[PDB]
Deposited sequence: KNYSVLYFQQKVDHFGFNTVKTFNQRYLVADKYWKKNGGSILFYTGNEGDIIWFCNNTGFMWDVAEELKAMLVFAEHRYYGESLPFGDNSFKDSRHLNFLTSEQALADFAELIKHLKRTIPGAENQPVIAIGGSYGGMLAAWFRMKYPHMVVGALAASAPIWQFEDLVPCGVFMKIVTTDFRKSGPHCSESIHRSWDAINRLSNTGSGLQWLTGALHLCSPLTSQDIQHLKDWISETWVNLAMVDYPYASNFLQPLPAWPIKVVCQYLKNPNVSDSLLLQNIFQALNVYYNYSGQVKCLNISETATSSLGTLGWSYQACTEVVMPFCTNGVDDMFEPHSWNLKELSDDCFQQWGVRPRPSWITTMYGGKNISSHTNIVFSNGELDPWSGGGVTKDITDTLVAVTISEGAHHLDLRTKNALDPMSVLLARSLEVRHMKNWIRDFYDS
């Protein structure tokens, strides 16, 4: 429904006394259904984008507001949306971006909760539950781990809190992406697997380069220096699809039908095919993701401040090891190269990744002492490879959604939602209301 757009003055640096500069962090408040009379606060720990986007898309929060008689708070992450510490200069240099860390964001969330309990009459002694998806989920989980005095519990939806170092294998994500295509149709993964070598052949002559350009209906003519970028963009497509493999039609990044992988896997399916015919089928598949509603005239393989911030973060703290092997996946082999990644990070930002940091700060797998965190994960979501899929304790629990892609549980109810989601969404509220009840009884 409707909310109020609010601003709160925040220190730029919570970890140092030298800078005294402030900035306004944007946040949203939805108060209908909230009962001052023994209710609760559902706090979304904002991630890598505009807070309105997360507000507009986390349906489960609005869907569960009345039942939990809650106030909804959506807190924007510093350096995203309108919550820029140095305004336009925020991405200027390594000096200006120094304050973009997960610790600074968690510290903003504590200051903001402090402010709401102080400001809103009735809030002062109410329980607050942290909710988040993807990095927002990692943030929500870490917020209960470090600030248990601020939040009673956390719902960490598709939060890959273990996608680091040697915790999980670098192959897993792409292995799951492959599994999605294989289980979505006969000879689908096999078709994609064979496609790379076929693109490589055609990349050899200028005539083949011209043919490829037309077959794929590209905007610009392919040169031989473009071939690695072309394959990267196609790989990026299959990846995207695995995260958006929803039980119903959707318009998140692109207009897409129900079970989009099943729809693309229809164009592949025939094994007895020529390399020329195989790439025509590949196009048809690309066409469903990029042009499902006649949206484009040609496919442009080339492709902002939200990606800039994420890039900085991926270059500093959030260093997730990724690789493909062509054996456990349908992709060409690519190893995880920390050294190479480090040098590109220094070139763009003038900073170097700390690949062990997150593990030293947030604990890695060693988190048994914590309580009240429900980790939900979809079976289709490649991100589940780096998440928690089995219960750590009676209070640190895992919830799997078979037929669930990237955090389906946080979406607005559809009709097409399998039992696995509704059943999980209910287990979520079950746990949330057990945290509120336990808080009020102490």
Exercise. Walk along the deposited sequence from position 1 and note every stretch that has no C-alpha coordinates.
Key: 304-307
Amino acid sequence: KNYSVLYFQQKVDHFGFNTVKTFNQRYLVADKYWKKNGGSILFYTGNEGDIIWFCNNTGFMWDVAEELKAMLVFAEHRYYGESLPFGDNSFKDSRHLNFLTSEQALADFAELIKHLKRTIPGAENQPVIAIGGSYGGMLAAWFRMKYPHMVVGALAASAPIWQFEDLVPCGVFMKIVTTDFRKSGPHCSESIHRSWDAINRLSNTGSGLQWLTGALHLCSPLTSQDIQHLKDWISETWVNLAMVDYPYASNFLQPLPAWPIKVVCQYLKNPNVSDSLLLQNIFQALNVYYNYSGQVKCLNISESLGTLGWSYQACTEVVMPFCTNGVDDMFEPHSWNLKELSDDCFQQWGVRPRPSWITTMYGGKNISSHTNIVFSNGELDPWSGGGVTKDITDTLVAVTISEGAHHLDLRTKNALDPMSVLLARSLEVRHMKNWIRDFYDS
From here on, numbers count along this sequence of modelled residues.
Exercise. With reference to the PDB entry, specify whether the mean Cα temperature factor is higher for 30-38 or for 47-55.
Key: 30-38
Self-check item: Greater mean Cα temperature factor according to the PDB record, 130-138 or 264-272
Solution: 264-272
Self-check item: Which of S102, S195, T307, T179 ranks first by CA B-factor in the deposited coordinates
Solution: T307
Quiz item: Out of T371, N300, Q313, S356, which residue has the highest Cα temperature factor in the PDB record?
Solution: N300
Quiz item: Lowest, middle or highest third of the chain for the C-alpha temperature factor of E82?
Solution: middle
Self-check item: Among modelled residues of the same chain, the CA temperature factor third for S220
Solution: highest
Self-check item: Third assignment of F283 from its chain's C-alpha B-factors
Solution: middle
Exercise. Report the third (lowest, middle or highest) to which the CA temperature factor of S384 belongs, ranking only the modelled residues of the same chain.
Key: lowest
Self-check item: Lowest, middle or highest third - CA B-factor, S376
Solution: lowest
